[PDB]
Amino acid sequence: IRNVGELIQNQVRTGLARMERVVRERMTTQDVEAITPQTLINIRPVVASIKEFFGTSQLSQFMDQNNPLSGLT
Amino acid sequence: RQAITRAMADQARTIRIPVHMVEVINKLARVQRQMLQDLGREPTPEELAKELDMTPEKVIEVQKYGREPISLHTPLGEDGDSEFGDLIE
Amino acid sequence: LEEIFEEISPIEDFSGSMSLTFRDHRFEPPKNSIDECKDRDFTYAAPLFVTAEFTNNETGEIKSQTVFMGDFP
Amino acid sequence: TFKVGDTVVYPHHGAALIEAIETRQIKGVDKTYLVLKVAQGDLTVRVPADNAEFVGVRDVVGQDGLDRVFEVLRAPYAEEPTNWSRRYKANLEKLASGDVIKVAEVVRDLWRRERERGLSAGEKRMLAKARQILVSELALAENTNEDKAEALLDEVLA
């Protein structure tokens, strides 16, 4: 079973892989002695992946709140 | 670079956006991203307007223009026959 | 998250000169309460902070910094 | 050459203060590592003393620095090419050169062309960055810092 932790870890890993792709594109077009850790990295793919998992994904489901048994199930 | 970005401005979007509008809107997008990575929070449109020296209503107008349409044939969920296209009147 | 950050190895360019490393991750208290998020259509999230260093072997230069990685639900 | 408790200026980050001296070894080779940090980017910079001149650090210039910067700040008969592309390619190179004099005529030219025509707002970002790094540099160079350093420029830039 992929629980919630492993699923969120996989989505964050995909976002981080996209971020590494973007930054690897960035370093090859950037000069040394002018790169700041605040600058070269971009967190947009990470938050995009997290919001793509939490919204409109078949695992992240609308919680059924009929009664406590429905919630526990 | 000039021809590639001109073709991207002219033909990529379904609704045509002129090249100067495209360069304005993606400059605003990149400086908004710079603001986000600088202060770690979503800025108010007034701050972005005053730091770019345009009116806030112009900023609202251009980020309303800078939108991508969603296709009519998006599936709704588990059901396959029910499409998004039959829901609109 | 420390596993997903240690898995991202210090990457190198084609010359093997400069690298960045995400050492430690930390969390801040959320800016909104649970009822406040449940009321005004917010996402119950907290900011995620990581310590990142930028190491170049040729210059011997290390840039340790803390960078906002995104609002973590 | 380099001590503890003094201030040295680093490129692309402005002036900074040295915290202490560490003995960090890189690639298994012991080096005289010096550590310093700045309050702008909240980052710590570790540079060994052997390649300090090679990486491009400079000490704080004393009285000689303000007189020459003021003299260039007021130098007339400054000319630039008509095409904006060559000047655009030259300004960031002169900024990355790291010279105080060079960034002085760069910011003077940028300020005068921004006031006479009102070029755009995209270049205003690096204009403000250059203004911030120069006012951080002259904070120790001219012995005037923070608001006082900003105030001194307010009446000598014209």
# chains A, B, ... in the order shown; residues from 1 in each chain; ligands from 1

$ residues_around --residues "range 58-69 of chain A" --least-positions-apart "5" --cutoff "12 Å" --atoms "only C-alpha atoms" --output "PyMOL selection string"
(chain A and resi 2-4+7-8+11+50-53) or (chain B and resi 76-78)

$ interface_residues --of "chain A" --to "chain C" --cutoff "10 Å" --atoms "only C-alpha atoms" --output "PDB file with N, CA, C and O atoms, in the first residue's frame"
ATOM      1  N   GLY A   5       1.807   9.341   3.002  1.00  0.00           N
ATOM      2  CA  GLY A   5       3.163   9.862   3.049  1.00  0.00           C
ATOM      3  C   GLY A   5       3.967   9.513   1.814  1.00  0.00           C
ATOM      4  O   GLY A   5       4.652  10.361   1.246  1.00  0.00           O
ATOM      5  N   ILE A   8       2.592  11.568  -1.240  1.00  0.00           N
ATOM      6  CA  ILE A   8       3.010  12.966  -1.219  1.00  0.00           C
ATOM      7  C   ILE A   8       4.510  13.073  -1.464  1.00  0.00           C
ATOM      8  O   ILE A   8       4.977  14.002  -2.134  1.00  0.00           O
ATOM      9  N   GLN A   9       5.283  12.111  -0.958  1.00  0.00           N
ATOM     10  CA  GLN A   9       6.716  12.087  -1.226  1.00  0.00           C
ATOM     11  C   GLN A   9       6.995  11.898  -2.710  1.00  0.00           C
ATOM     12  O   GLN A   9       7.891  12.541  -3.261  1.00  0.00           O
ATOM     13  N   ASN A  10       6.230  11.035  -3.380  1.00  0.00           N
ATOM     14  CA  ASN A  10       6.410  10.848  -4.818  1.00  0.00           C
ATOM     15  C   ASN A  10       6.075  12.115  -5.594  1.00  0.00           C
ATOM     16  O   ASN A  10       6.779  12.471  -6.549  1.00  0.00           O
ATOM     17  N   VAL A  12       6.175  15.267  -4.458  1.00  0.00           N
ATOM     18  CA  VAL A  12       7.235  16.230  -4.177  1.00  0.00           C
ATOM     19  C   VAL A  12       8.508  15.853  -4.923  1.00  0.00           C
ATOM     20  O   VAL A  12       9.243  16.729  -5.387  1.00  0.00           O
ATOM     21  N   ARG A  13       8.776  14.555  -5.077  1.00  0.00           N
ATOM     22  CA  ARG A  13       9.944  14.117  -5.835  1.00  0.00           C
ATOM     23  C   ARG A  13       9.822  14.477  -7.308  1.00  0.00           C
ATOM     24  O   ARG A  13      10.807  14.881  -7.933  1.00  0.00           O
ATOM     25  N   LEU A  16      10.441  18.139  -7.533  1.00  0.00           N
ATOM     26  CA  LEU A  16      11.859  18.415  -7.350  1.00  0.00           C
ATOM     27  C   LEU A  16      12.669  18.021  -8.573  1.00  0.00           C
ATOM     28  O   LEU A  16      13.660  18.681  -8.888  1.00  0.00           O
ATOM     29  N   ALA A  17      12.279  16.947  -9.261  1.00  0.00           N
ATOM     30  CA  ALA A  17      12.956  16.578 -10.499  1.00  0.00           C
ATOM     31  C   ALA A  17      12.750  17.642 -11.568  1.00  0.00           C
ATOM     32  O   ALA A  17      13.684  17.985 -12.304  1.00  0.00           O
ATOM     33  N   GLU A  20      14.996  20.497 -10.603  1.00  0.00           N
ATOM     34  CA  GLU A  20      16.377  20.206 -10.974  1.00  0.00           C
ATOM     35  C   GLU A  20      16.590  20.359 -12.473  1.00  0.00           C
ATOM     36  O   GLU A  20      17.647  20.825 -12.904  1.00  0.00           O
ATOM     37  N   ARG A  24      19.199  23.033 -13.839  1.00  0.00           N
ATOM     38  CA  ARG A  24      20.276  22.561 -14.703  1.00  0.00           C
ATOM     39  C   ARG A  24      20.286  23.321 -16.018  1.00  0.00           C
ATOM     40  O   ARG A  24      21.355  23.606 -16.570  1.00  0.00           O
ATOM     41  N   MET A  27      21.930  26.805 -14.810  1.00  0.00           N
ATOM     42  CA  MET A  27      23.364  26.947 -14.556  1.00  0.00           C
ATOM     43  C   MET A  27      24.164  27.006 -15.851  1.00  0.00           C
ATOM     44  O   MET A  27      25.174  27.714 -15.926  1.00  0.00           O
ATOM     45  N   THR A  28      23.738  26.264 -16.875  1.00  0.00           N
ATOM     46  CA  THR A  28      24.472  26.251 -18.135  1.00  0.00           C
ATOM     47  C   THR A  28      24.385  27.580 -18.871  1.00  0.00           C
ATOM     48  O   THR A  28      25.224  27.850 -19.738  1.00  0.00           O
ATOM     49  N   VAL A  32      29.554  32.150 -13.231  1.00  0.00           N
ATOM     50  CA  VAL A  32      29.979  31.933 -11.852  1.00  0.00           C
ATOM     51  C   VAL A  32      30.201  33.276 -11.170  1.00  0.00           C
ATOM     52  O   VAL A  32      30.216  34.323 -11.828  1.00  0.00           O
ATOM     53  N   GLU A  33      30.346  33.249  -9.843  1.00  0.00           N
ATOM     54  CA  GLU A  33      30.552  34.411  -8.979  1.00  0.00           C
ATOM     55  C   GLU A  33      29.388  35.394  -9.016  1.00  0.00           C
ATOM     56  O   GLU A  33      29.518  36.522  -8.527  1.00  0.00           O
ATOM     57  N   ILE A  35      25.942  33.819  -8.764  1.00  0.00           N
ATOM     58  CA  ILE A  35      24.830  32.911  -8.521  1.00  0.00           C
ATOM     59  C   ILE A  35      24.596  32.842  -7.019  1.00  0.00           C
ATOM     60  O   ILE A  35      25.513  32.516  -6.255  1.00  0.00           O
ATOM     61  N   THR A  36      23.374  33.145  -6.602  1.00  0.00           N
ATOM     62  CA  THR A  36      22.923  33.101  -5.224  1.00  0.00           C
ATOM     63  C   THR A  36      21.900  31.985  -5.055  1.00  0.00           C
ATOM     64  O   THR A  36      21.067  31.782  -5.945  1.00  0.00           O
ATOM     65  N   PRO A  37      21.946  31.238  -3.945  1.00  0.00           N
ATOM     66  CA  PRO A  37      20.948  30.172  -3.736  1.00  0.00           C
ATOM     67  C   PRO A  37      19.517  30.670  -3.738  1.00  0.00           C
ATOM     68  O   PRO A  37      18.605  29.905  -4.073  1.00  0.00           O
ATOM     69  N   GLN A  38      19.293  31.934  -3.379  1.00  0.00           N
ATOM     70  CA  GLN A  38      17.971  32.525  -3.521  1.00  0.00           C
ATOM     71  C   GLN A  38      17.568  32.695  -4.981  1.00  0.00           C
ATOM     72  O   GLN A  38      16.372  32.787  -5.275  1.00  0.00           O
ATOM     73  N   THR A  39      18.531  32.711  -5.904  1.00  0.00           N
ATOM     74  CA  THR A  39      18.274  33.090  -7.289  1.00  0.00           C
ATOM     75  C   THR A  39      18.093  31.903  -8.230  1.00  0.00           C
ATOM     76  O   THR A  39      17.100  31.851  -8.961  1.00  0.00           O
ATOM     77  N   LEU A  40      19.032  30.952  -8.243  1.00  0.00           N
ATOM     78  CA  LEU A  40      19.044  29.974  -9.327  1.00  0.00           C
ATOM     79  C   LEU A  40      17.934  28.939  -9.203  1.00  0.00           C
ATOM     80  O   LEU A  40      17.525  28.369 -10.218  1.00  0.00           O
ATOM     81  N   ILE A  41      17.435  28.686  -8.006  1.00  0.00           N
ATOM     82  CA  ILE A  41      16.410  27.666  -7.825  1.00  0.00           C
ATOM     83  C   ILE A  41      15.037  28.309  -7.945  1.00  0.00           C
ATOM     84  O   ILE A  41      14.836  29.483  -7.618  1.00  0.00           O
ATOM     85  N   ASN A  42      14.083  27.532  -8.450  1.00  0.00           N
ATOM     86  CA  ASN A  42      12.713  27.987  -8.632  1.00  0.00           C
ATOM     87  C   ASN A  42      11.775  26.967  -8.008  1.00  0.00           C
ATOM     88  O   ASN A  42      11.827  25.782  -8.349  1.00  0.00           O
ATOM     89  N   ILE A  43      10.912  27.432  -7.100  1.00  0.00           N
ATOM     90  CA  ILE A  43      10.013  26.535  -6.384  1.00  0.00           C
ATOM     91  C   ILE A  43       8.667  26.385  -7.072  1.00  0.00           C
ATOM     92  O   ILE A  43       7.770  25.736  -6.519  1.00  0.00           O
ATOM     93  N   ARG A  44       8.494  26.973  -8.256  1.00  0.00           N
ATOM     94  CA  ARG A  44       7.216  26.881  -8.960  1.00  0.00           C
ATOM     95  C   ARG A  44       6.816  25.454  -9.330  1.00  0.00           C
ATOM     96  O   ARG A  44       5.641  25.102  -9.120  1.00  0.00           O
ATOM     97  N   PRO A  45       7.687  24.598  -9.890  1.00  0.00           N
ATOM     98  CA  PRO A  45       7.251  23.215 -10.146  1.00  0.00           C
ATOM     99  C   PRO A  45       6.886  22.436  -8.894  1.00  0.00           C
ATOM    100  O   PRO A  45       5.994  21.585  -8.957  1.00  0.00           O
ATOM    101  N   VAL A  46       7.537  22.701  -7.757  1.00  0.00           N
ATOM    102  CA  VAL A  46       7.233  21.962  -6.533  1.00  0.00           C
ATOM    103  C   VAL A  46       5.812  22.258  -6.063  1.00  0.00           C
ATOM    104  O   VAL A  46       5.019  21.340  -5.806  1.00  0.00           O
ATOM    105  N   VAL A  47       5.463  23.543  -5.959  1.00  0.00           N
ATOM    106  CA  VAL A  47       4.119  23.897  -5.520  1.00  0.00           C
ATOM    107  C   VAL A  47       3.095  23.525  -6.581  1.00  0.00           C
ATOM    108  O   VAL A  47       1.959  23.161  -6.250  1.00  0.00           O
ATOM    109  N   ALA A  48       3.473  23.587  -7.861  1.00  0.00           N
ATOM    110  CA  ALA A  48       2.567  23.150  -8.918  1.00  0.00           C
ATOM    111  C   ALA A  48       2.254  21.665  -8.794  1.00  0.00           C
ATOM    112  O   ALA A  48       1.097  21.257  -8.930  1.00  0.00           O
ATOM    113  N   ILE A  50       2.486  19.820  -5.997  1.00  0.00           N
ATOM    114  CA  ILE A  50       1.715  19.585  -4.777  1.00  0.00           C
ATOM    115  C   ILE A  50       0.250  19.954  -4.986  1.00  0.00           C
ATOM    116  O   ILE A  50      -0.656  19.193  -4.619  1.00  0.00           O
ATOM    117  N   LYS A  51      -0.011  21.111  -5.601  1.00  0.00           N
ATOM    118  CA  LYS A  51      -1.388  21.505  -5.870  1.00  0.00           C
ATOM    119  C   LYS A  51      -2.040  20.640  -6.941  1.00  0.00           C
ATOM    120  O   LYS A  51      -3.269  20.518  -6.956  1.00  0.00           O
ATOM    121  N   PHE A  54      -3.054  17.502  -4.807  1.00  0.00           N
ATOM    122  CA  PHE A  54      -4.129  17.691  -3.841  1.00  0.00           C
ATOM    123  C   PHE A  54      -5.439  18.065  -4.517  1.00  0.00           C
ATOM    124  O   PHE A  54      -6.513  17.763  -3.987  1.00  0.00           O
TER     125      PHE A  54
END

$ select_by_dssp --residues "chain A" --states "alpha helix (DSSP H)" --output "number ranges by chain"
A: 4-28, 37-40, 44-54, 68-72

$ select_by_dssp --residues "chain D" --states "strand (DSSP E or B)" --output "VMD selection string"
chain D and resid 7 to 10 14 to 21 25 to 26 29 to 30 33 to 37 44 to 48 58 to 59

$ interface_residues --of "chain D" --to "chain B" --cutoff "12 Å" --atoms "only C-alpha atoms" --output "mmCIF file with N, CA and C atoms, in the first residue's frame"
data_model
loop_
_atom_site.group_PDB
_atom_site.id
_atom_site.type_symbol
_atom_site.label_atom_id
_atom_site.label_comp_id
_atom_site.auth_asym_id
_atom_site.auth_seq_id
_atom_site.Cartn_x
_atom_site.Cartn_y
_atom_site.Cartn_z
ATOM 1 N N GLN D 40 21.730 41.340 3.915
ATOM 2 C CA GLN D 40 20.778 41.525 2.826
ATOM 3 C C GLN D 40 20.177 40.195 2.383
ATOM 4 N N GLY D 41 21.017 39.287 1.886
ATOM 5 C CA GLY D 41 20.555 37.993 1.429
ATOM 6 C C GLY D 41 20.469 36.917 2.485
ATOM 7 N N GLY D 118 12.797 58.457 -19.200
ATOM 8 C CA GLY D 118 11.920 57.466 -18.606
ATOM 9 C C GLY D 118 11.852 56.203 -19.439
ATOM 10 N N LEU D 119 12.950 55.444 -19.456
ATOM 11 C CA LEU D 119 13.132 54.311 -20.359
ATOM 12 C C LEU D 119 12.063 53.236 -20.193
ATOM 13 N N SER D 120 12.041 52.582 -19.036
ATOM 14 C CA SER D 120 11.135 51.468 -18.772
ATOM 15 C C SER D 120 11.192 51.157 -17.282
ATOM 16 N N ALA D 121 10.475 50.105 -16.885
ATOM 17 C CA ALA D 121 10.482 49.630 -15.510
ATOM 18 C C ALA D 121 11.232 48.318 -15.331
ATOM 19 N N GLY D 122 11.526 47.598 -16.416
ATOM 20 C CA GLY D 122 12.300 46.374 -16.294
ATOM 21 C C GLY D 122 13.733 46.626 -15.865
ATOM 22 N N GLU D 123 14.354 47.675 -16.407
ATOM 23 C CA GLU D 123 15.711 48.044 -16.023
ATOM 24 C C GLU D 123 15.776 48.663 -14.633
ATOM 25 N N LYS D 124 14.635 49.109 -14.099
ATOM 26 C CA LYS D 124 14.601 49.711 -12.771
ATOM 27 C C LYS D 124 14.999 48.715 -11.690
ATOM 28 N N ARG D 125 14.776 47.419 -11.926
ATOM 29 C CA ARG D 125 15.169 46.401 -10.954
ATOM 30 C C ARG D 125 16.680 46.387 -10.750
ATOM 31 N N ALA D 128 17.918 49.693 -9.176
ATOM 32 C CA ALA D 128 17.770 49.708 -7.725
ATOM 33 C C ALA D 128 18.775 48.778 -7.058
#

$ closest_atom_pairs --of "chain D" --to "chain A" --cutoff "10 Å" --atoms "only C-alpha atoms" --output "Markdown table"
| residue | atom | partner | partner_atom | distance |
| --- | --- | --- | --- | --- |
| D:10 | CA | A:33 | CA | 9.9 |
| D:11 | CA | A:33 | CA | 7.6 |
| D:12 | CA | A:34 | CA | 6.1 |
| D:13 | CA | A:34 | CA | 8.8 |
| D:41 | CA | A:38 | CA | 7.8 |
| D:42 | CA | A:38 | CA | 9.6 |
| D:43 | CA | A:37 | CA | 8.5 |
| D:55 | CA | A:33 | CA | 7.9 |
| D:56 | CA | A:33 | CA | 9.1 |
| D:96 | CA | A:34 | CA | 7.9 |

$ write_last_selection --atoms "C-alpha atoms" --output "tab-separated table (two decimals), in the first residue's frame"
chain	number	residue	atom	x	y	z
D	10	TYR	CA	32.25	40.98	-1.79
D	11	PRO	CA	31.09	41.15	-5.43
D	12	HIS	CA	27.37	40.88	-6.26
D	13	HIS	CA	26.50	41.13	-2.54
D	41	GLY	CA	20.56	37.99	1.43
D	42	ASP	CA	20.95	36.26	4.82
D	43	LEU	CA	23.64	34.00	3.38
D	55	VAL	CA	37.99	35.10	-6.51
D	56	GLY	CA	38.03	38.91	-6.47
D	96	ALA	CA	30.15	42.33	-12.92

$ atom_distance --atom1 "CA of residue 1 in chain D" --atom2 "CA of residue 148 in chain D"
29.3 Å

$ interface_residues --of "chain B" --to "chain A" --cutoff "12 Å" --atoms "only C-alpha atoms" --output "VMD selection string"
chain B and resid 30 32 to 40 75 to 78

$ closest_residue --among "D:31, D:46, D:37, D:3" --to "chain C" --atoms "only C-alpha atoms"
D:46

$ residues_around --residues "range 65-74 of chain B" --least-positions-apart "2" --cutoff "6 Å" --atoms "only C-alpha atoms" --output "list in words"
residues 62, 63, 84 and 85 of chain B

$ write_last_selection --atoms "C-alpha atoms" --output "mmCIF file, in the first residue's frame"
data_model
loop_
_atom_site.group_PDB
_atom_site.id
_atom_site.type_symbol
_atom_site.label_atom_id
_atom_site.label_comp_id
_atom_site.auth_asym_id
_atom_site.auth_seq_id
_atom_site.Cartn_x
_atom_site.Cartn_y
_atom_site.Cartn_z
ATOM 1 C CA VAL B 62 -3.904 42.273 -18.296
ATOM 2 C CA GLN B 63 -3.970 39.283 -15.957
ATOM 3 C CA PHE B 84 -18.208 18.755 -19.916
ATOM 4 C CA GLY B 85 -19.719 19.852 -23.237
#
